[PDB]
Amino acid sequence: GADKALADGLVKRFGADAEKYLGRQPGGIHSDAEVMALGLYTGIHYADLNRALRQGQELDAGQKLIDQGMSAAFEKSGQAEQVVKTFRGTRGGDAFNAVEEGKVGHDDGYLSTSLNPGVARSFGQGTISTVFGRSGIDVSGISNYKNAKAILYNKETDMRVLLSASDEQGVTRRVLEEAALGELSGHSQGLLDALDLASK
């Protein structure tokens, strides 16, 4: 419906660029418009869209379609049954530089993460993060350069900084958690207390 309009808008706007993602996810959780929107983003449109989103710029006609196809894909998908561990590397800047440990923050653009740690270091060595979440979308079947096996988190998705540390090499090592998981998440029941830690 509103999807049929979007799927029509996307091939009108991006032609063969949009169409090449049709049927790339034969599982069928997402519609043609959603599959094409995430494809377009993951393949190359991440750069211009995330730049417009992080700068608070007006999205051009074509950017609006990709963003509305992705937002719709995240409304559909929702939270998964299991918590997933993904990885992310950035070069010069990171959304969570401004967030102190225990506090929550977000990226204004979309957060790309990888199921492979080695794949993340290949994107950046400024800051390497370990993410734990449930509301991410697996796009490895739509677009998968470097066999990145990407799990994308929605824009403005709130993440809690569990650890923010630095390497003797000067790499910041972060542990982020989807703030919606709660306080109980990531704790093996009774373990920390059993560990009889030498601290008041």
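Numbers for residues come from their place in the sequence shown, where the first is 1.
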Check your understanding: Higher mean Cα B-factor in the deposited model: 126 to 134 or 79 to 87?
Key -> 79 to 87
Exercise for review: By the entry's C-alpha temperature factors, tell me which of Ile29, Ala165, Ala148, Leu40 sits highest.
Suggested key: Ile29
Exercise for review: Determine, from the deposited record, the chain-internal third of the Cα B-factor for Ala95: lowest, middle or highest.
Suggested key: lowest
Study note, to complete from the structure: The third of the chain into which the C-alpha temperature factor of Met159 falls is the middle
Practice item. Within this chain's modelled residues, let me know which third the CA B factor of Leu176 belongs to: lowest, middle or highest. Key: lowest
Exercise for review: Divide the modelled residues of the chain into thirds by Cα B-factor and specify which third, lowest, middle or highest, holds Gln63.
Suggested key: middle
Review point. Can you tell me which third, lowest, middle or highest, the CA B-factor of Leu115 falls into for its chain?
Key: lowest
